[PDB]
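This document opens with one chain alone, in structure tokens, the form deposited in one PDB entry.
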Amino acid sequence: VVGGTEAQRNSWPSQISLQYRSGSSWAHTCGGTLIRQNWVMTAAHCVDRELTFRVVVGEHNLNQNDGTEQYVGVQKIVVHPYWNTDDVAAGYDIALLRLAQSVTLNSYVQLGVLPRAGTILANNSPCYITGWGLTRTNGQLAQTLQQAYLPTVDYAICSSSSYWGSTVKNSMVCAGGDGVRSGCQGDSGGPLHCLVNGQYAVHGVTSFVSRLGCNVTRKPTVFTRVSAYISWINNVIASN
């Protein structure tokens, strides 16, 4: 997250860190949202590589013991069957991860609330992106979980020629684009939390930023629209 602030430890208890095994270590690669005690929602592109993945729930500082983490292996990966890694602009950038164990819920570990199917936010709706991604274009991962205020940019604006044009689809949510605050590499797969009738819900799964940079004016961060995928999500969990 570029232009973020450090999240309070218990603000976003559904955020997870998706990590891969790297030598004798683990490396953060993406975010995710805990949606059942044994299921995480992330971006399909995050699991393109044939790596050993683990999820960390209750994570705050990637580099320090928080005293709240639970570490769990990924047992099964179900990518949207329409995802094409050579075509992120087509959409379908969503995957579900079945965890090897069910995690224990507490003020640091909670299920993310998903929107009702078909919900579309009004332009300029209040949302926060969260994650440990780069804090500058071509920078480094954050140590502590970051949040940035990124209001939505509706489809009609976001798909206009000076924004993303044809690249954005109605199956996506755009947010931000102010040239200061944005998602960045390593935030992919995590949540966009939007405040609706008093409750935050996870409306987005972070998908992409511009090839030119993370915080680029009129290139808002682009997210998979969760409310387009409720039936898919429910079908995968029920059949797995």
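The first residue of the sequence shown is number 1, and the count goes up from there.
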Out of 157 to 165 and 104 to 112, which stretch has the higher average CA B-factor listed in the record?
157 to 165
Do the C-alpha atoms of 15 to 23 or of 215 to 223 have the higher average B factor in the entry?
15 to 23
Maximum C-alpha temperature factor per the entry, among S207, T33, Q185, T52, belongs to which one?
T52
Per the deposited B-factor column, the C-alpha that peaks among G139, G73, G133, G91 belongs to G73
Considering only modelled residues of the same chain, in which third does the CA B-factor of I120 rank: lowest, middle or highest?
middle
Cα B factor band for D178 (lowest, middle or highest third within the chain):
middle
Please place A238 in the lowest, middle or highest third of its chain according to the CA B-factor in the PDB entry.
highest
Compared with the other modelled residues in the chain, in which third is the CA B-factor of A201?
lowest
Could you look up the Cα B-factor of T152 in the entry and say which third of the chain it sits in: lowest, middle or highest?
middle
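Below: the form solved in complex with a partner chain, not depicted.
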Hey, in the deposited bound form, is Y128 touching the partner chain, heavy atoms inside 4.5 Å?
no
Can you work out whether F208 and the partner chain are in contact in the deposited bound form, taking contact to mean some heavy atom pair no more than 4.5 Å apart?
yes
Please check if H45 has a heavy atom lying within 4.5 Å of any heavy atom of the partner chain in the deposited bound form.
yes
Flag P191 as yes or no: does it have a non-hydrogen atom within 4.5 angstroms of any non-hydrogen atom of the partner chain in the deposited bound form?
no
Of these, 208 to 216, 195 to 203, 173 to 181, 33 to 41, which stretch puts a heavy atom within 4.5 angstroms of the partner chain in the deposited bound form?
208 to 216
In the deposited bound form, the residue from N123, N106, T119, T167 with a non-hydrogen atom within 4.5 Å of the partner chain is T167
